[PDB]
Amino acid sequence: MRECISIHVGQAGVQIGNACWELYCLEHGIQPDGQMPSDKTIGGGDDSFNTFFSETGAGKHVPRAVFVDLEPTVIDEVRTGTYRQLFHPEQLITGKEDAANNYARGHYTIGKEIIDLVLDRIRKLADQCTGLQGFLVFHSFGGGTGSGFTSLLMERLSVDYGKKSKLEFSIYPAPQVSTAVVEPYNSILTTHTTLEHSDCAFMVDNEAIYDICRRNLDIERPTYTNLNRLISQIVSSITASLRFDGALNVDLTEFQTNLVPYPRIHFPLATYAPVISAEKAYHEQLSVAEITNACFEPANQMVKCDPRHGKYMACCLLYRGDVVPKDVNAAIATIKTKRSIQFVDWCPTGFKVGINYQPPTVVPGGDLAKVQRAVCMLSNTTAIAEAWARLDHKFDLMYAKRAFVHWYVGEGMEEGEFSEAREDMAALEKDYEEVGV
Amino acid sequence: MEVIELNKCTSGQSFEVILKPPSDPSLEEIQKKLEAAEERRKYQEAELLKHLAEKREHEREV
Amino acid sequence: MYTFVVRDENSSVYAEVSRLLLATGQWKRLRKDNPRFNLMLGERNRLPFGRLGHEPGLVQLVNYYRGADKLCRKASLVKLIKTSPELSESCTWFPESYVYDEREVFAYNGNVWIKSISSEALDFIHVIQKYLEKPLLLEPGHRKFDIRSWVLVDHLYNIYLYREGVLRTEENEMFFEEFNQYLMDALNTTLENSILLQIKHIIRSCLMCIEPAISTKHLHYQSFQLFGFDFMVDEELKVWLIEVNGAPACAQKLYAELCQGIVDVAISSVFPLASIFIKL
Amino acid sequence: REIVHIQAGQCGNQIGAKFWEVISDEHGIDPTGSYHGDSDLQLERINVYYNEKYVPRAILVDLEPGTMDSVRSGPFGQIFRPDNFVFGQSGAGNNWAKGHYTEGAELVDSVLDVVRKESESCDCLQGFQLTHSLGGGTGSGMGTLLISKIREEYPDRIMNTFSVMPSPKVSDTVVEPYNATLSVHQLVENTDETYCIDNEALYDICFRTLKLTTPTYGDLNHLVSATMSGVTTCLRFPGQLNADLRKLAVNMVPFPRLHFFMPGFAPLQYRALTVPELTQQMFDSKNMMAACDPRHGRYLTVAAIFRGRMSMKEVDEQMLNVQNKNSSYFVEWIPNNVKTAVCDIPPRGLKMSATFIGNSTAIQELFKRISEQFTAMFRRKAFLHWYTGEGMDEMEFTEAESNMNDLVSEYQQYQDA
Ligand SMILES: Nc1nc2c(ncn2[C@@H]2O[C@H](COP(=O)(O)OP(=O)(O)OP(=O)(O)O)[C@@H](O)[C@H]2O)c(=O)[nH]1
Ligand SMILES: Nc1nc2c(ncn2[C@@H]2O[C@H](COP(=O)(O)OP(=O)(O)O)[C@@H](O)[C@H]2O)c(=O)[nH]1
Ligand SMILES: O=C1c2ccccc2CCC[C@@H]1Cc1c[nH]c2cc(Br)ccc12
Ligand SMILES: [Ca+2]
Ligand SMILES: [Ca+2]
Ligand SMILES: [Mg+2]
Ligand SMILES: [Mg+2]
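The rules behind these values
- Residues numbered from 1 in each chain as written, not as in the entry; some residues may be left out.
- Chains lettered and ligands numbered in written order.
- Part of a larger assembly, values for the part shown.
- Heavy atoms only, no water.
- Residues with missing side-chain atoms left out of burial classes, pairs and counts.
- Helix = DSSP H or I, 4+ residues; strand = E, 2+ residues; numbered from the N terminus.
- Rg over C-alpha atoms; globule rule 2.2 N^0.38 Å.
- Salt bridge = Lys/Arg side-chain N within 4 Å of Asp/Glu carboxyl O.
- Buried < 20%, exposed > 50% of the residue type's maximum accessible area, 1.4 Å probe, protein only.
- Pairing = 2+ DSSP bridges.
- Axes fitted to C-alpha atoms, helices over the stretch in contact; angles between N-to-C directions.
- Contact = heavy atoms within 4.5 Å.
- 1 Å grid on protein atoms, 1.4 Å probe; cavity = no way out; pocket = protein on both sides within 12 Å on 5 of 7 lines; lining within 4 Å.
- Points joined across faces, edges and corners; volume = space filled by probe spheres on them.
- Nonpolar A, V, L, I, M, F, W, Y, C, P; charged D, E, K, R; others polar.
- Domains from an automatic or database assignment.
- Buried area = accessible area lost by both parts, 1.4 Å probe.
- Polar contact = N/O pair within 3.5 Å; in protein donor to acceptor, adjacent residues only side chain to side chain.
- Near = heavy atom within 4 Å.
- Areas by Shrake-Rupley, 256 points an atom, 1.4 Å probe, with all protein chains shown as cover.
- UniProt positions renumbered as here; feature names shortened; annotations may be inferred.
- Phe/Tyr/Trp six-rings, centres within 6.5 Å; stacked < 30°, edge-to-face > 60°.

When you go through chain D residue by residue, the secondary structure sums to 14 helices and 12 strands. A compact globule built from 417 residues should have a C-alpha radius of gyration of about 22 Å, and chain D, at 20 Å, falls within 12% of that. Viewed in the frame of its principal axes, chain D has a C-alpha envelope of about 60 × 50 × 45 Å.

All right, on to the pattern of salt bridges then. Inspection of the entire model under this criterion finds 64 salt bridges over all chains. A salt bridge links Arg246 of chain D to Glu97 of chain A; its shortest N-O distance comes to 3.5 Å. Taken together, the positions of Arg246 of chain D in helix α9 (residues 245-252) and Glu97 of chain A in the loop between β5 (92-94) and α3 (103-112) put the pair across two chains. Judged by its relative accessible area of 8%, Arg246 of chain D is buried.

In this section: the sheet that holds strand β6 (residues 125-133) of chain D. Residue and element names in this part refer to chain D. The 10 strands lie next to each other as β5-β4-β1-β6-β7-β8-β9-β12-β10-β11, forming an open sheet whose pairing is mixed. Each edge of the sheet is formed by a strand with only one pairing partner; in this case those strands are β5 (85-87) and β11 (338-343). For this sheet, the mean inter-axis angle between neighbouring strands, taken without regard to orientation, is 20°. Alignment of strand β1 (residues 2-8) against strand β4 (residues 58-62), held across 4 bridges, turns out to be parallel. The residue of β4 that forms the bridge with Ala8 is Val61. In this fold helix α1 (residues 9-26) packs onto β1, β4, β6, β7 (158-165) and β10 (299-308), with an angle of close to 140° to the strand it touches most, β1. The sheet strands contacting helix α11 (residues 312-323) are β10 and β11, and the helix crosses β11 at an angle near 155°.

What follows covers empty space enclosed by the protein. Residues and elements named next belong to chain A. Quantified by volume, the largest cavity comes out at close to 90 Å³. Taken together, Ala19, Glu22, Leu23, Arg229, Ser232, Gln233, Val362, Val363, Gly366, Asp367 and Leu368 form the lining of the largest cavity. Within the residue set of the lining of the largest cavity, elements represented by two or more residues are α1 (10-28) and α8 (224-243). Partitioning the lining of the largest cavity into residue classes produces 5 nonpolar, 3 polar and 3 charged. There are two domains that each give the lining of the largest cavity at least three residues, and those are domain 1 (3-259) and domain 2 (269-386).

For the rest of this paragraph, the subject is the interface of chain B and chain A. With 29 residues of chain B in contact, the opposing surface of chain A contributes 41 residues. A buried area of about 2800 Å², summed over both sides, lies between chain B and chain A, and 60% of it is on carbon and sulfur atoms. The largest per-residue losses of area from chain B upon contact with chain A belong to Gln13, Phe15 and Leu19 of chain B, which jointly make up 20% of the total buried on that side. Two residues, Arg40 of chain B and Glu414 of chain A, come together in a salt bridge whose shortest N-O distance is 3.0 Å. Across the chain B-chain A interface, the total number found is 12 residue pairs in polar contact. Elements supplying a minimum of two residues to the side of chain B that touches chain A: β1 (2-9), β2 (12-20) and α1 (27-61) of chain B. With 9 residues, β2 of chain B is the single largest residue contributor to the side of chain B that touches chain A. Grouping the constituent residues of the side of chain B that touches chain A by class yields 14 nonpolar, 9 polar and 6 charged. Pairing geometry for strand β11 (residues 349-356) of chain A and β2 of chain B, over 8 bridges, is antiparallel. From the neighbouring strand, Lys352 of chain A faces β2 of chain B, where its bridge partner is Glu16 of chain B.

Of all residues adjacent to ligand 3, which total 15 residues, the nearest are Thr179 of chain A together with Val231, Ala243, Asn251 and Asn337 of chain D. More than one chain approaches ligand 3, the contributing ones being chains A and D. Across the complex, the protein chains shield 98% of the 510 Å² of accessible surface that ligand 3 would expose by itself. At the level of elements, α8 (217-236), α9 and β11 of chain D are the ones that each hand at least two residues to the shell around ligand 3.

This part is about the site of ligand 2. All names here are of chain D. Around ligand 2, the structure places 18 residues, and the nearest of them are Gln14, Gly137, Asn199, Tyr217 and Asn221. At 3.1 Å from an oxygen atom of ligand 2 is found a main-chain nitrogen or oxygen belonging to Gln10. In this structure, an oxygen atom belonging to ligand 2 sits 3.0 Å away from a main-chain N or O atom of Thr138. Computed on the free molecule, ligand 2 has an accessible area of 560 Å², of which 96% lies beneath the protein chains in the complex. Those elements that provide at least two residues to the shell around ligand 2 are α1, α5 (138-153), α7 (199-209) and α8.

With that settled, consider the UniProt feature "binding site: Mg(2+)" in chain D. In this structure's numbering, the residues bearing the UniProt feature "binding site: Mg(2+)" are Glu64 of chain D. Once you skip the residues sitting within four places of it in the chain, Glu64 of chain D turns out to touch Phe87, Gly88 and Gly91 of chain D.

The tally for this structure, following the rule as stated, stands at 60 aromatic pairs over all chains. On the basis of an interplanar angle of 55° and a centroid distance of 6.2 Å, the ring pair of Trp150 of chain C and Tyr162 of chain C is categorised as tilted. One end of the pair, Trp150 of chain C, is in strand β7 (residues 146-153); the other, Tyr162 of chain C, is in strand β8 (residues 159-162), and 12 residues separate them in sequence. This pair shows no difference in class: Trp150 of chain C is buried, exactly as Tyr162 of chain C is. An angle of 40° between the planes, with centres 5.2 Å apart, marks the rings of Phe374 of chain D and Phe378 of chain D as tilted. Placement of the pair is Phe374 of chain D and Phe378 of chain D together in helix α12 (residues 364-378), with a separation of 4 residues, close to one helical turn. Taken individually, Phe374 of chain D and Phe378 of chain D each receive the classification buried, so the pair is uniform in this respect. Ring pairing ties together the aromatic residues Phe19, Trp20, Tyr49, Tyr50, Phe80 and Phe85 of chain D, which thus form one cluster.

An order of β9(A)-β12(A)-β10(A)-β11(A)-β2(B)-β1(B) is seen for the 6 strands of this open sheet, with the pairing classed as mixed. Pairing within the sheet leaves two strands with one partner each, and these edge strands are β9 (269-273) of chain A together with β1 of chain B. The average undirected angle you get between the axes of adjacent strands in this sheet is 15°. Lying on the sheet, α8 of chain A is in contact with β9, β10 (312-321) and β12 (373-381) of chain A; it crosses β10 of chain A at an angle near 100°.

To continue, consider unusual backbone geometry. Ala273 of chain A connects to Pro274 of chain A through a cis peptide bond whose omega is 0°. Mapping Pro274 of chain A onto the fold places it in the loop between β9 and α10 (288-293). Each neighbour pair has its own omega, and for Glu139 of chain C with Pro140 of chain C the value is 5°, a cis peptide bond. Within the element layout of this structure, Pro140 of chain C appears in the loop between β6 (128-129) and β7. Of note, the phi angle at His142 of chain C is positive, near 40°, even though the residue is not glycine. One non-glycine residue, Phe383 of chain D, lies in the positive phi region at around 65°. Along the polypeptide, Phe383 of chain D turns up in the loop between α12 and α13 (385-388).

Residues and elements named next belong to chain D. Counted residue by residue, strand β12 (residues 352-360) has 9 buried out of 9 residues, so it is predominantly covered. Because side chains alternate across β12, one face comprises the buried residues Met352, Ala354, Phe356, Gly358 and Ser360, and the other comprises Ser353, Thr355, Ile357 and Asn359, equally buried. Pairing of strand β9 (residues 260-266) with β12, which is carried by 5 bridges, proceeds in the antiparallel orientation. The partner of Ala266 across the bridge, within β12, is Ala354. Pairing between β10 and β12: 9 bridges, direction antiparallel. Paired with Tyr299 across the bridge in β12 is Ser360.

This is the structure we're talking about:
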């Protein structure tokens, strides 16, 4: 058994992290006080869930997790919330004042004051691991902390754990829940600085989740709680194989091997089905075929984009629930004859499938109805480059007049880091077009 | 359509169905760039105190 | 009041569509690069489809189908008709063609041919077709001709064939009323029976082939697009397809009627305010 | 995140005192400092403005004792910390130089002693809020002198002002254009955010809209109270966003010198307004407090706050609505430059209200207006002896005229970009 450490940075990463660890506890049967009645090996183990939970002599199950925010209001609610007993006080890390939506402030100014402490708290978890695989890092593209501090943290992790894998879950910025005009700036700066340090990154567009909440949950103005409980389900499907018995994606190195043939093109598109409402009075349970087909509808993707106008480099199907292989190949057979599904030539056209028989779990009283079978598709499409083009265009509009640049320079950044970052992105859009058209 | 590497266990199964085959910066470098940024801040703040000191002298002269 | 932008300044058709829209009192035109638009009359090349449908509060419509190029680029069209099973290898209305490839398989055992004409086989260093040796001649004058049909495909993927088609070979445009009357007197048949059935079959077949690849039914922006098909009629009154044009112009007298039909069916269907087509 | 509030001179102390009367009511604090509220939303960020009874983190500054004796005698006069009344005796004679260079220089160090003792006992100081007029001598000259000393001592805190602009329509002396031009030069270099409150606009709203034929300064200041309350709602009440002075500045100010905001309020009362009316009134020229036609320039940034119980869906619908008909009036090179915030607690006597904050290039009209009145006198060097008698030279005037014409230039280039 090989441990994984999760690092939640900034508001988005912490609130999404709350949502995930709650869901993990419900799925593994760990109570809010850290006890796990079904764990018969009191005080240790090398079970699958031990990848995410260490154990105390008193039987407490502790997330291999570190929470980091430059200001204390959000991580304070975890200190006092319903899962306070879950964490060691010193895996929650806060400071005095935040980065004010400013990448330079989270990275250069306010970042250096806390980077060594956080690395110390992380190192304290790494020494409790017989064979650490690497890290899962949760953050927003758009915040000052989520972008600025995370890229600083990523640099040092490469230096201190050069042989470990680093996966990301990144919240990509959407105006209908945005919080700063300058998020396109932070987004590009942090992608540029983090690219070579990340093995695999799952982008979640707030726009996509927001619309999936309104359309399929009948929530008129979705909250972060709505957005984040749905995100927790996608993350839980992605990580289910690190936490449960199985043979697909059993360690972090397998995510890169299976989804990332070129290092820089390491942004798989996640699609999920089905998403239903808990207050749907009468609901017919969808079939294997129905939910697999739903994997090829943009309206179910974590990022809006049109995969018919790109090329696949890898596809992975992750099912939870009442699913047997025969149904999956019947549903694939049929969809292949209906859908434009084009791979790149130097890659086999086909699918890696994993099935976990436990159906998805839901937060009791939440908005997602319980379903009998669900699926998350992970595919490496060149279509995801649409989201880089959108973001780079917004960056170009503002930077052509230097709007807001003075806020970054005032923290010690140079204009060169902007144009350097933007040029790396222009290279990233080219790489995608090589492979895709 | 061919199936490969079928693995079963109590929790589920995994497998691969094919449809058609194919045809770092040192800690010192970080340290340099960070400190070059903090120098730039202090330079800017030293300039601000410099112009303020000039304003102080004009206040005295008036 | 609806909003729209213009990004192909020298498109006769959408020059006229924009003009009509303004005269509604219900459409304002913005600057090319303002994103808060309902409707985009887009550039012919590198249209930024990936930036559409991301404006909260804006239903967005565009006058091009992403992927329609597969039908409007000769090289692509030939690949589509040879390789798509819905069109089969040799579908009997497309001249046998070869696409910088197929040289070897290019059965060359009348062996005249033809761009992107001769009788002996390649030094123009493009696709190669059978030139139709025996076309159909309007008399008097033993004159050749080809047939232009305008087809509108709305956001619902309805297929609308404009009933006014032009024949360029007389006033060099011969319109349908004249051509029909000719066929009756000269051949004892109608334009509908001898020719148009084949044309409607060909338009249907092409556009239904690519429908799964370019349909915007469940997309986050919507598309319509005006096409121009070009056919040749041979002497056994059989109809052949030449090329599909993705950004056609209209004939002079028809610019008025067809640009109204576009607003009616392609635009106001999606953006309602305060038949000239044949549905295929 | 504490804020230190400073009010200087006659106008600054009169508006400052109404402000503390309004928000103390909102927060349940009574004229004695004691809390009698019913909700805890009233206390979750009570610390931003109050120290623990509750005493405002407020410093009252004047060169005469007149207005401050009023404040001490008025509604909530005893709420204020007695050690925080800092004043001299001779006044400043509506003269910027007396406030900035002579009279004011004698008093400023004492003011900074009270500023210093208020900052020290702050867990995490956000920065400073100043109320003052630009047309007199204390709020203007001594006010901007304070801002210079505060920036030197606290160079990395936010500085925010509510700045009342002179106007011939409601005017105390002919030298107001001089005082205001000297002040704007200071404000352009030493504040992060300046709320431009124009006495012309306040008068016209009171006359044309409120149907007050003889508007007093108290009628003008009731409007300033509401706007200041609205504009600080997000700082004083819990929200999905964590509004603080620095985030406002980062998101509102794309160019360091263009940080002069146009405030506006709606409505200016038995029928509550429907959300469509709020958003329509809010953006109406008639509802804005700087006397500039927003349709004469372009919005660089906009922040709108709705107060009360309403359909956030209809807010978003109406906010998105208004942008997609006046898109000619928002710059296209700052994507998504309109932010929207909502707060459940309405202000007293309203179930629904909305507060607008606009960084529009139309504000150049206001600086042009000041520049013309200035040049008209300065061209004949009229009334200058009042300032040369305090040690000033003509050059400092020419420098301030030039810097303000430049400011107008800068606003004009971005209006055409
Ligand atoms: N999905 C989701 N997105 C969030 C959440 N919180 C914030 N965001 C998004 O995150 C982006 C930036 O905000 P934050 O992550 O909150 O910023 P932060 O890292 O705390 O940084 P500072 O507060 O600037 O120091 C915006 O796009 C928000 O929409 C969340 O809980 N869920
Ligand atoms: N809106 C408003 N303006 C005022 C008030 N008092 C004075 N003014 C204006 O303030 C300016 C004069 O400055 P004032 O505050 O009287 O002088 P100071 O004591 O020298 O600061 C003029 O432009 C007046 O019109 C007030 O209570 N409200
Ligand atoms: O803190 C704030 C604040 C502070 C005091 C009063 C009112 C407000 C408005 C609510 C939001 C801002 C900050 C903010 C975040 N994103 C933005 C995008 C624009 Br455009 C303008 C501003 C902001
Ligand atoms: Ca155990
Ligand atoms: Ca004296
Ligand atoms: Mg934060
Ligand atoms: Mg006075």
